[PDB]
Every structure is written in C-alpha cells, then in structure tokens.
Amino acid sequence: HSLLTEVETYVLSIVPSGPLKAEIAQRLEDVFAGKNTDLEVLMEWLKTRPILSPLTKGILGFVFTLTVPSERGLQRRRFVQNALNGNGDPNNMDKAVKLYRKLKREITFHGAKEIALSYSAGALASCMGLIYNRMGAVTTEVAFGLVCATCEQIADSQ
C-alpha cells in the first residue's frame, strides 16, 4: 500500500518545524509522482534549509538520492556523508557494520525495517552512511526499511 508514502510519513515524523514539513512533503510527493524534479536542485535546497539538524538533512539527502532518477551524476555529497559518518562513536560504528551485513541478506522492506528497529539511532545513521557509500549493496526496499527504522528511533529518542 505504497512504501514511498510510508517512508514519507517516517521522514516527516523527524522534521520539527511545520512549514518545512509541508515543503518536504511537497518535494517527496513530486518525486513520487515523477513531476518536474532535479537532484542537484533538491540537495542544494535541502542543504540550505534552516532549523533541520544535520542528521535530518543526511536522511532526506539519502532518501532523495534513492528516489530521484536524476543521477548519472555520481553524487555522494559532503553534508550527507558527514551527517551519517556516525560520530567518532565506536559502539555505533561497530553496530552499524553488524546491521549492514544483516541487511545485505534481507530483500524486503518489512524484513529490513524489523531487524533495524532494534538498533540505536546512532548506529542506524552510521549504517545509512555505509549504504550511502554504495547504494547497490542492498535493494531499494531494504534501504527504505533502514531509513524508516532510523526515523522511528530518532523520533522516539527526543
């Protein structure tokens, strides 16, 4: 019943603001409906938004890179990589690698999200970083699963 829409709800659940929620929702939905979209425009826009924590930008950046055709432009942006590089925390990095290996064996959104839902926001974000480094390591659905668990954990944290 549409994973894109589920992913959007999870993404928006970590966007504080109110005005940004609407702005993010519009962009995700345009992307979903194939409407006029351009990845460089989205990223630049995302990068310059106020209020959104670096982490949220990393997550939205990852989701746009995953959902936006507009590639053939070997992406990998600084702000996305930095916000998802973990943060010098050994424990989150160790867990991120362990989750990452489990996700490579998953093939569905549901299986990926359930496994990832037990991990901490920190390791989930580091894990998103590993996958950002090579989006093909897992399937799109699995990547979506991970994004959603990450959002749940950030939302449930504070």
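Numbers follow the displayed sequence, beginning with 1.
Stretch comparison (34-42 versus 49-57) by mean CA B-factor in the PDB entry places 34-42 on top. The mean Cα B-factor in the deposited entry runs higher for 66-74 than for the other of 66-74 and 123-131.
Among all modelled residues in its chain, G18 ranks in the middle third by Cα B-factor. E106 sits in the lowest third of its chain by CA B factor, as recorded in the PDB entry.
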